[PDB]
Structure formats: C-alpha cells, structure tokens
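Here's protein-v3.csv, which has CSV, C-alpha atoms and all ligand atoms:
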chain,number,residue,atom,x,y,z
G,3,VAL,CA,0.0,0.0,0.0
G,4,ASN,CA,1.2,3.5,-0.9
G,5,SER,CA,-0.2,7.0,-0.7
G,6,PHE,CA,-0.9,7.7,-4.4
G,7,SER,CA,-4.5,8.5,-4.9
G,8,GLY,CA,-6.9,8.7,-7.8
G,9,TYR,CA,-4.9,6.9,-10.4
G,10,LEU,CA,-6.3,4.7,-13.2
G,11,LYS,CA,-4.6,1.3,-13.5
G,12,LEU,CA,-3.3,0.5,-16.9
G,13,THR,CA,-1.4,-2.8,-16.1
G,14,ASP,CA,-0.1,-4.7,-13.2
G,15,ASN,CA,2.5,-2.1,-12.5
G,16,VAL,CA,1.6,1.1,-14.5
G,17,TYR,CA,-0.8,3.8,-13.1
G,18,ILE,CA,-1.8,7.1,-14.8
G,19,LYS,CA,-3.5,10.3,-13.7
G,20,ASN,CA,-4.2,13.8,-15.2
G,21,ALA,CA,-1.9,15.7,-12.8
G,22,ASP,CA,0.9,18.2,-12.5
G,23,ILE,CA,3.9,16.2,-11.4
G,24,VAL,CA,5.0,19.1,-9.2
G,25,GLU,CA,1.7,19.1,-7.3
G,26,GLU,CA,1.8,15.3,-7.0
G,27,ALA,CA,5.3,15.4,-5.6
G,28,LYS,CA,4.5,18.1,-3.0
G,29,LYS,CA,1.4,16.2,-1.8
G,30,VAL,CA,2.8,12.7,-1.8
G,31,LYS,CA,6.5,13.3,-1.1
G,32,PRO,CA,7.4,10.1,-2.9
G,33,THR,CA,10.7,8.2,-2.5
G,34,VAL,CA,11.6,8.9,-6.2
G,35,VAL,CA,10.4,11.6,-8.6
G,36,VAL,CA,11.6,11.4,-12.2
G,37,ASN,CA,12.7,14.5,-14.0
G,38,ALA,CA,12.6,14.7,-17.8
G,39,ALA,CA,16.1,16.0,-18.0
G,40,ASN,CA,18.5,17.0,-20.8
G,41,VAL,CA,22.1,15.8,-20.9
G,42,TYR,CA,23.4,19.1,-19.4
G,43,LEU,CA,20.9,19.0,-16.5
G,44,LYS,CA,19.8,22.5,-17.6
G,45,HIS,CA,16.4,22.7,-16.1
G,46,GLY,CA,14.9,25.4,-18.2
G,47,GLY,CA,11.3,24.5,-19.0
G,48,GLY,CA,8.6,21.8,-19.0
G,49,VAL,CA,8.9,19.2,-16.2
G,50,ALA,CA,12.5,20.2,-15.3
G,51,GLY,CA,11.9,23.9,-15.2
G,52,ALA,CA,8.8,23.4,-13.1
G,53,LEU,CA,10.4,21.0,-10.7
G,54,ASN,CA,13.5,23.1,-10.4
G,55,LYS,CA,11.4,26.2,-9.7
G,56,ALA,CA,9.6,24.4,-7.0
G,57,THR,CA,12.9,23.7,-5.3
G,58,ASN,CA,13.8,27.4,-5.4
G,59,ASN,CA,16.7,26.6,-7.8
G,60,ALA,CA,18.4,24.2,-5.4
G,61,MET,CA,18.0,21.4,-8.0
G,62,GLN,CA,19.9,23.5,-10.5
G,63,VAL,CA,22.7,24.4,-8.0
G,64,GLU,CA,23.1,20.7,-7.2
G,65,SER,CA,23.0,19.7,-10.9
G,66,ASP,CA,25.6,22.2,-11.9
G,67,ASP,CA,28.0,20.7,-9.3
G,68,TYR,CA,27.1,17.2,-10.7
G,69,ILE,CA,28.0,18.2,-14.2
G,70,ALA,CA,31.2,20.0,-13.2
G,71,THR,CA,32.4,16.8,-11.6
G,72,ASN,CA,31.0,14.1,-14.0
G,73,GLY,CA,30.3,15.8,-17.3
G,74,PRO,CA,27.0,15.4,-19.3
G,75,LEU,CA,24.7,12.4,-19.1
G,76,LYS,CA,24.2,10.1,-22.0
G,77,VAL,CA,20.9,10.3,-24.0
G,78,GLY,CA,19.1,7.3,-22.5
G,79,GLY,CA,21.0,7.6,-19.2
G,80,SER,CA,20.2,8.9,-15.8
G,81,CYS,CA,21.6,10.0,-12.4
G,82,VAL,CA,20.2,10.0,-8.9
G,83,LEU,CA,20.3,13.3,-7.1
G,84,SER,CA,18.4,14.8,-4.2
G,85,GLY,CA,14.6,15.2,-4.3
G,86,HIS,CA,15.0,18.4,-2.2
G,87,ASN,CA,11.5,19.5,-0.9
G,88,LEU,CA,9.6,17.3,-3.4
G,89,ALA,CA,10.8,13.7,-2.8
G,90,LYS,CA,13.6,11.8,-1.2
G,91,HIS,CA,15.4,11.4,-4.5
G,92,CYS,CA,15.1,12.8,-8.0
G,93,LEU,CA,16.0,10.4,-10.9
G,94,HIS,CA,17.0,12.6,-13.7
G,95,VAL,CA,16.4,10.6,-16.9
G,96,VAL,CA,17.3,11.8,-20.5
G,97,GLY,CA,15.0,10.6,-23.2
G,98,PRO,CA,15.9,11.3,-26.9
G,99,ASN,CA,15.0,14.7,-28.3
G,100,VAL,CA,13.5,14.0,-31.7
G,101,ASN,CA,13.8,17.6,-32.6
G,102,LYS,CA,17.6,17.3,-32.3
G,103,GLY,CA,17.6,14.1,-34.5
G,104,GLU,CA,18.2,11.8,-31.6
G,105,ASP,CA,17.2,8.1,-32.0
G,106,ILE,CA,13.7,7.4,-30.6
G,107,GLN,CA,14.9,3.9,-29.9
G,108,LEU,CA,16.8,5.4,-27.0
G,109,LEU,CA,13.5,6.0,-25.3
G,110,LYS,CA,13.4,2.3,-24.3
G,111,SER,CA,16.9,2.7,-22.8
G,112,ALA,CA,15.7,5.8,-20.9
G,113,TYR,CA,12.7,3.9,-19.4
G,114,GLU,CA,15.0,1.0,-18.4
G,115,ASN,CA,16.5,3.3,-15.7
G,116,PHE,CA,13.1,3.2,-13.9
G,117,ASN,CA,13.6,-0.5,-13.2
G,118,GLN,CA,16.3,0.3,-10.6
G,119,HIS,CA,13.6,1.8,-8.3
G,120,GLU,CA,10.7,-0.2,-6.8
G,121,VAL,CA,8.2,2.8,-7.0
G,122,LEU,CA,8.4,6.1,-8.9
G,123,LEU,CA,6.3,9.1,-9.7
G,124,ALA,CA,7.1,10.1,-13.2
G,125,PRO,CA,6.1,11.9,-16.4
G,126,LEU,CA,6.1,10.2,-19.8
G,127,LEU,CA,9.5,10.9,-21.4
G,128,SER,CA,10.5,12.3,-24.7
G,129,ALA,CA,7.2,14.2,-25.2
G,130,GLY,CA,6.7,17.8,-24.4
G,131,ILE,CA,9.4,19.9,-26.1
G,132,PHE,CA,11.4,16.8,-26.7
G,133,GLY,CA,9.1,16.3,-29.7
G,134,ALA,CA,8.0,12.7,-29.5
G,135,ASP,CA,4.4,11.4,-29.6
G,136,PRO,CA,3.1,10.8,-26.0
G,137,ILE,CA,1.0,7.8,-27.2
G,138,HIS,CA,4.2,6.1,-28.4
G,139,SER,CA,6.0,7.0,-25.1
G,140,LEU,CA,3.3,5.4,-23.1
G,141,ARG,CA,3.5,2.1,-25.1
G,142,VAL,CA,7.2,2.1,-24.5
G,143,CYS,CA,6.8,2.8,-20.8
G,144,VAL,CA,4.3,-0.1,-20.3
G,145,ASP,CA,6.5,-2.5,-22.4
G,146,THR,CA,9.7,-1.6,-20.6
G,147,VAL,CA,9.1,-0.6,-16.9
G,148,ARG,CA,8.5,-3.5,-14.6
G,149,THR,CA,8.6,-1.6,-11.3
G,150,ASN,CA,5.6,0.4,-10.0
G,151,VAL,CA,5.3,3.6,-11.9
G,152,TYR,CA,2.7,6.4,-11.3
G,153,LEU,CA,2.5,8.6,-14.3
G,154,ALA,CA,1.4,12.3,-14.0
G,155,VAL,CA,0.0,13.6,-17.4
G,156,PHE,CA,-0.2,17.4,-17.3
G,157,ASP,CA,-2.6,17.9,-20.2
G,158,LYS,CA,-6.2,16.7,-19.6
G,159,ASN,CA,-7.0,16.3,-23.3
G,160,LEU,CA,-3.9,14.2,-23.9
G,161,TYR,CA,-4.6,12.1,-20.8
G,162,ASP,CA,-8.1,11.3,-22.0
G,163,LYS,CA,-6.6,10.3,-25.4
G,164,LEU,CA,-3.9,8.1,-23.9
G,165,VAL,CA,-6.5,6.2,-21.7
G,166,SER,CA,-9.1,5.8,-24.5
G,167,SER,CA,-6.6,4.4,-27.0
G,168,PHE,CA,-4.6,2.3,-24.6
G,169,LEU,CA,-4.2,-1.3,-25.8
U,201,LIG,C1,3.2,13.8,-21.8
U,201,LIG,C2,4.3,14.5,-21.1
U,201,LIG,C3,3.9,15.7,-20.3
U,201,LIG,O1,3.0,15.3,-19.3
U,201,LIG,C4,5.1,16.5,-19.7
U,201,LIG,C5,6.0,17.1,-20.8
U,201,LIG,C6,5.6,18.5,-21.0
U,201,LIG,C7,5.1,19.0,-19.6
U,201,LIG,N1,4.7,17.7,-18.9
U,201,LIG,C8,4.4,17.7,-17.6
U,201,LIG,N2,4.0,16.5,-17.1
U,201,LIG,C9,3.6,16.4,-15.8
U,201,LIG,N3,3.6,17.4,-14.9
U,201,LIG,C10,4.0,18.6,-15.4
U,201,LIG,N4,4.1,19.7,-14.6
U,201,LIG,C11,4.6,20.7,-15.4
U,201,LIG,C12,4.8,20.2,-16.7
U,201,LIG,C13,4.5,18.8,-16.7
U,202,CL,CL,9.2,18.7,-20.8

Turn this file's structure into structure tokens for me.
Amino acid sequence: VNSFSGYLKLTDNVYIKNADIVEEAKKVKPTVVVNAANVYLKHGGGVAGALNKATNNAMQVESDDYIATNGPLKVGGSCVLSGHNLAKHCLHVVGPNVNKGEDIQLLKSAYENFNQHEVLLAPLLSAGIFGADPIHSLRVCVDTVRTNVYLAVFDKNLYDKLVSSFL
C-alpha cells in the first residue's frame, strides 16, 4: 500500500493520472520523482523547469556541481540526485530529443532506468518539447518498466486520449 490516490490502473505495474507532477510530488513526497532532463541538467522548462522552480533553484545548483564533476549524461541515461523538498530522491532521466535528431529507440533505454527503483512518480518521457508522440512513449513505458510507476500527465486532453486508445 502507498499514498498515491486517484490513479487509473493500466497494467499490473503502471498507473496514470491527469496531474501536474510538481503538485503530486509536493502532496505525496514520494521516494523517487523522475525528472525529464537533458544531458546538461539545464532545467529550463517543462517538467524540469517546473520541478527546479519548486525547489527554489536548489535542484539547478546541485545539478551544476554534478555536471562540473562528472560531465554530461548520455541520451538514454540517468543519475540519482536529491529530491529536495519534493521527494527523497530525483531520478534525472534523459529521453531522446527527436527535434535534435536523436534516435527514438533510445526512449526504451531511458525507461530502463526506472527498473532500478521499486516505485516512482514520473512523467512520460521524450514528449513535451522533446518532440515525441506521447502515445508512443506510453506504449514504450508499459512495455519496458516492470517496477511500479505512477504517471502524471499534465494535459487533460492528452490524458483522455492516452487512456481511451490504450491497448
Ligand atoms: C506527456 C508528457 C507531459 O505530461 C510533460 C512534458 C511537458 C510537460 N509535462 C508535464 N507533465 C507532468 N507534470 C508537469 N508539470 C509541469 C509540466 C508537466
Ligand atoms: Cl518537458
């Protein structure tokens, strides 16, 4: 039993809700929140900008030190950093950016990072400004993640479309 509330069940392990991930994180304070990061951990907009803003820029300060030490992440890769005031940990995951020509096949690699954590609050990856189709991203999520994932979908119209077309 966990404290996530109001989710629709898609499969044994995947749950979905029309919600702002920032609000879900503040309310639930989960063990792991997933950020839809870029390789530079520059949290400018979308999920990352909103999460970082909610930490009063502490996420960005921590991230800049991470990059100065370790260099950029790989597309498809991840790192575990603090969740600040939103969660115990933040799993920063880089999906491919199709508007940059990056291989959409790397989206499966991105979701594989979720399997290192028993339970996560997450967005779909590679959608938003990363350019990919959210319907495809959900299929990859369901077919890749085996741990318990609670998906927060910001746009109500998209949520309704994802849950009406789900196979
Ligand atoms: C389908 C993927 C989409 O849901 C992602 C990509 C764009 C923004 N978005 C968000 N998701 C959840 N919570 C959010 N809070 C602020 C933004 C946001
Ligand atoms: Cl985004």

Legend entry - Non-local contacts of residue G:129 (9 Å; all atoms listed in the file; under 6 positions in same chain excluded) as a VMD selection string: chain G and resid 97 99 135 to 136 139

Inset, instruction - Go through G:18, G:39, G:124, G:169 and flag the residue nearest residue G:145, using all atoms listed in the file for the distances. - result: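 When distances to residue G:145 are compared using all atoms listed in the file, the smallest one comes from G:169.
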
Which chain G residues have any atom within 9 Å of an atom of ligand LIG 201 (chain U), and for each, what is the nearest pair of atoms with distance in Å to one decimal, counting only C-alpha atoms and all ligand atoms, rows sorted by chain and number, as JSON lines?
{"residue": "G:20", "atom": "CA", "partner": "U:LIG201", "partner_atom": "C9", "distance": 8.2}
{"residue": "G:21", "atom": "CA", "partner": "U:LIG201", "partner_atom": "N3", "distance": 6.1}
{"residue": "G:22", "atom": "CA", "partner": "U:LIG201", "partner_atom": "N3", "distance": 3.7}
{"residue": "G:23", "atom": "CA", "partner": "U:LIG201", "partner_atom": "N3", "distance": 3.7}
{"residue": "G:24", "atom": "CA", "partner": "U:LIG201", "partner_atom": "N4", "distance": 5.5}
{"residue": "G:25", "atom": "CA", "partner": "U:LIG201", "partner_atom": "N4", "distance": 7.7}
{"residue": "G:26", "atom": "CA", "partner": "U:LIG201", "partner_atom": "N3", "distance": 8.4}
{"residue": "G:38", "atom": "CA", "partner": "U:LIG201", "partner_atom": "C5", "distance": 7.6}
{"residue": "G:47", "atom": "CA", "partner": "U:LIG201", "partner_atom": "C12", "distance": 8.1}
{"residue": "G:48", "atom": "CA", "partner": "U:LIG201", "partner_atom": "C7", "distance": 4.5}
{"residue": "G:49", "atom": "CA", "partner": "U:LIG201", "partner_atom": "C12", "distance": 4.2}
{"residue": "G:50", "atom": "CA", "partner": "U:LIG201", "partner_atom": "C12", "distance": 7.8}
{"residue": "G:51", "atom": "CA", "partner": "U:LIG201", "partner_atom": "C11", "distance": 8.0}
{"residue": "G:52", "atom": "CA", "partner": "U:LIG201", "partner_atom": "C11", "distance": 5.5}
{"residue": "G:53", "atom": "CA", "partner": "U:LIG201", "partner_atom": "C11", "distance": 7.5}
{"residue": "G:124", "atom": "CA", "partner": "U:LIG201", "partner_atom": "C9", "distance": 7.7}
{"residue": "G:125", "atom": "CA", "partner": "U:LIG201", "partner_atom": "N2", "distance": 5.1}
{"residue": "G:126", "atom": "CA", "partner": "U:LIG201", "partner_atom": "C2", "distance": 4.8}
{"residue": "G:127", "atom": "CA", "partner": "U:LIG201", "partner_atom": "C2", "distance": 6.3}
{"residue": "G:128", "atom": "CA", "partner": "U:LIG201", "partner_atom": "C2", "distance": 7.5}
{"residue": "G:129", "atom": "CA", "partner": "U:LIG201", "partner_atom": "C2", "distance": 5.0}
{"residue": "G:130", "atom": "CA", "partner": "U:LIG201", "partner_atom": "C6", "distance": 3.6}
{"residue": "G:131", "atom": "CA", "partner": "U:LIG201", "partner_atom": "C6", "distance": 6.5}
{"residue": "G:132", "atom": "CA", "partner": "U:LIG201", "partner_atom": "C5", "distance": 8.0}
{"residue": "G:135", "atom": "CA", "partner": "U:LIG201", "partner_atom": "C1", "distance": 8.2}
{"residue": "G:136", "atom": "CA", "partner": "U:LIG201", "partner_atom": "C1", "distance": 5.2}
{"residue": "G:137", "atom": "CA", "partner": "U:LIG201", "partner_atom": "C1", "distance": 8.4}
{"residue": "G:139", "atom": "CA", "partner": "U:LIG201", "partner_atom": "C1", "distance": 8.1}
{"residue": "G:140", "atom": "CA", "partner": "U:LIG201", "partner_atom": "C1", "distance": 8.5}
{"residue": "G:153", "atom": "CA", "partner": "U:LIG201", "partner_atom": "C9", "distance": 8.0}
{"residue": "G:154", "atom": "CA", "partner": "U:LIG201", "partner_atom": "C9", "distance": 5.0}
{"residue": "G:155", "atom": "CA", "partner": "U:LIG201", "partner_atom": "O1", "distance": 3.9}
{"residue": "G:156", "atom": "CA", "partner": "U:LIG201", "partner_atom": "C9", "distance": 4.2}
{"residue": "G:157", "atom": "CA", "partner": "U:LIG201", "partner_atom": "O1", "distance": 6.2}
{"residue": "G:160", "atom": "CA", "partner": "U:LIG201", "partner_atom": "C1", "distance": 7.4}
{"residue": "G:161", "atom": "CA", "partner": "U:LIG201", "partner_atom": "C1", "distance": 8.0}

Inset, instruction - List every protein, DNA or RNA residue that has an atom no more than 9 Å from (1.3, -1.1, -10.8) in the file's coordinate frame, counting all atoms listed in the file, and report them as an NGL selection string. - result: :G and (11-17 or 121 or 148-152)

Inset, instruction - Might you pull out every residue within 9 Å of residue G:76, with all atoms listed in the file counted and same-chain residues fewer than 2 positions away left off, and present them as an NGL selection string? - result: :G and (41 or 74 or 78-80 or 96)

Write out, as a PDB file, in the frame of the given file, the residues just selected, with C-alpha atoms.
ATOM      1  CA  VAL G  41      22.100  15.800 -20.900  1.00  0.00           C
ATOM      2  CA  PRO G  74      27.000  15.400 -19.300  1.00  0.00           C
ATOM      3  CA  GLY G  78      19.100   7.300 -22.500  1.00  0.00           C
ATOM      4  CA  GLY G  79      21.000   7.600 -19.200  1.00  0.00           C
ATOM      5  CA  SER G  80      20.200   8.900 -15.800  1.00  0.00           C
ATOM      6  CA  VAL G  96      17.300  11.800 -20.500  1.00  0.00           C
TER       7      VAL G  96
END

Inset, instruction - Select, from G:163, G:141, G:55, G:44, the residue with the minimum atom-to-atom distance to residue G:87, counting only C-alpha atoms. - result: G:55

Legend entry - Residue among G:34, G:43, G:8, G:146 lying closest to residue G:117, counting all atoms listed in the file: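 Nearest to residue G:117: G:146.
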
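For the atom pair formed by atom CA of residue G:31 and atom CA of residue G:90, the distance is 7.3 Å, given to one decimal.
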
Legend entry - atom CA of residue G:116 to atom CA of residue G:91, distance in Å rounded to a single decimal: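 So the answer is 12.7 Å.
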
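With all atoms listed in the file as the atoms that count, the residue of G:119, G:86, G:102, G:45 with the shortest distance to ligand CL 202 (chain U) is G:45.
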
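Ranking G:108, G:60, G:83, G:95 by their shortest atom-to-atom distance to ligand CL 202 (chain U), with all atoms listed in the file included, puts G:95 first.
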
Set up a box along x, y and z of the file covering all listed atoms of stretch 39-57 of chain G, add 3 Å on every one of the six sides, and write the centre and edge lengths in Å to one decimal, as lines of an AutoDock Vina configuration file.
center_x = 16.0
center_y = 21.0
center_z = -13.1
size_x = 20.8
size_y = 16.4
size_z = 21.6

Inset, instruction - Can you work out the spacing between atom CA of residue G:65 and atom CA of residue G:5 in Å, to one decimal? - result: 28.3 Å

Inset, instruction - Can you work out which one of G:36, G:27, G:147, G:3 has the shortest atom-to-atom distance to ligand CL 202 (chain U), counting all atoms listed in the file? - result: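 Comparing G:36, G:27, G:147, G:3 against ligand CL 202 (chain U), the winner is G:36.
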
Legend entry - For residue G:63: contacts at 10 Å, all atoms listed in the file, fewer than 5 positions along chain excluded, given as a list in words: residues 54, 58 and 68 of chain G

Output as a short mmCIF file (atom, residue, chain, number, x, y, z; two decimals), in the coordinates of the input: stretch 42-64 of chain G, completed with N, CA, C and O atoms.
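Dumped everything to selection-v9.cif:
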data_model
loop_
_atom_site.label_atom_id
_atom_site.label_comp_id
_atom_site.auth_asym_id
_atom_site.auth_seq_id
_atom_site.Cartn_x
_atom_site.Cartn_y
_atom_site.Cartn_z
N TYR G 42 22.65 18.05 -20.13
CA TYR G 42 23.40 19.10 -19.40
C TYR G 42 22.76 19.38 -18.03
O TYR G 42 23.28 20.24 -17.31
N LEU G 43 21.67 18.70 -17.67
CA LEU G 43 20.90 19.00 -16.50
C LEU G 43 20.60 20.52 -16.38
O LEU G 43 20.63 21.11 -15.30
N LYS G 44 20.28 21.14 -17.52
CA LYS G 44 19.80 22.50 -17.60
C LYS G 44 18.31 22.51 -17.51
O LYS G 44 17.63 22.18 -18.49
N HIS G 45 17.78 22.85 -16.34
CA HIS G 45 16.40 22.70 -16.10
C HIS G 45 15.55 23.90 -16.44
O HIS G 45 15.06 24.65 -15.60
N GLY G 46 15.41 24.10 -17.75
CA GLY G 46 14.90 25.40 -18.20
C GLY G 46 13.38 25.48 -18.30
O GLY G 46 12.82 26.54 -18.01
N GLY G 47 12.70 24.40 -18.70
CA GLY G 47 11.30 24.50 -19.00
C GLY G 47 10.63 23.11 -18.84
O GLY G 47 11.29 22.11 -18.52
N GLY G 48 9.33 23.07 -19.10
CA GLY G 48 8.60 21.80 -19.00
C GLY G 48 8.68 21.24 -17.59
O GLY G 48 8.64 21.96 -16.58
N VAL G 49 8.77 19.91 -17.52
CA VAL G 49 8.90 19.20 -16.20
C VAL G 49 10.06 19.75 -15.44
O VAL G 49 9.93 20.06 -14.25
N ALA G 50 11.24 19.82 -16.07
CA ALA G 50 12.50 20.20 -15.30
C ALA G 50 12.40 21.58 -14.81
O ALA G 50 12.73 21.84 -13.65
N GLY G 51 11.98 22.52 -15.65
CA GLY G 51 11.90 23.90 -15.20
C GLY G 51 10.91 24.05 -14.05
O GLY G 51 11.16 24.80 -13.10
N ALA G 52 9.77 23.34 -14.12
CA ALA G 52 8.80 23.40 -13.10
C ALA G 52 9.25 22.76 -11.78
O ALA G 52 9.07 23.30 -10.69
N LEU G 53 9.87 21.58 -11.88
CA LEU G 53 10.40 21.00 -10.70
C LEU G 53 11.50 21.84 -10.08
O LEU G 53 11.48 22.11 -8.87
N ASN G 54 12.43 22.32 -10.90
CA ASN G 54 13.50 23.10 -10.40
C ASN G 54 12.95 24.39 -9.68
O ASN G 54 13.38 24.76 -8.58
N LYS G 55 11.98 25.06 -10.32
CA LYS G 55 11.40 26.20 -9.70
C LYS G 55 10.80 25.93 -8.35
O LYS G 55 10.93 26.71 -7.40
N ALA G 56 10.16 24.76 -8.22
CA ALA G 56 9.60 24.40 -7.00
C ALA G 56 10.59 24.13 -5.87
O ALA G 56 10.26 24.23 -4.69
N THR G 57 11.84 23.83 -6.24
CA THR G 57 12.90 23.70 -5.30
C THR G 57 13.67 25.02 -5.02
O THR G 57 14.72 25.02 -4.37
N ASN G 58 13.15 26.14 -5.54
CA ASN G 58 13.80 27.40 -5.40
C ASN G 58 15.20 27.45 -5.97
O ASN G 58 16.10 28.12 -5.46
N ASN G 59 15.41 26.71 -7.06
CA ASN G 59 16.70 26.60 -7.80
C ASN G 59 17.70 25.71 -7.13
O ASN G 59 18.82 25.58 -7.65
N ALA G 60 17.38 25.07 -6.00
CA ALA G 60 18.40 24.20 -5.40
C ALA G 60 18.67 22.98 -6.28
O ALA G 60 19.82 22.51 -6.29
N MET G 61 17.69 22.49 -7.04
CA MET G 61 18.00 21.40 -8.00
C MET G 61 19.01 21.83 -9.01
O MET G 61 19.92 21.05 -9.32
N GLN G 62 18.90 23.05 -9.55
CA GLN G 62 19.90 23.50 -10.50
C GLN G 62 21.27 23.66 -9.92
O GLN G 62 22.26 23.29 -10.55
N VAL G 63 21.36 24.19 -8.70
CA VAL G 63 22.70 24.40 -8.00
C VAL G 63 23.33 23.00 -7.86
O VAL G 63 24.51 22.82 -8.18
N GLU G 64 22.58 22.02 -7.37
CA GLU G 64 23.10 20.70 -7.20
C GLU G 64 23.52 20.08 -8.53
O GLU G 64 24.55 19.40 -8.64
#
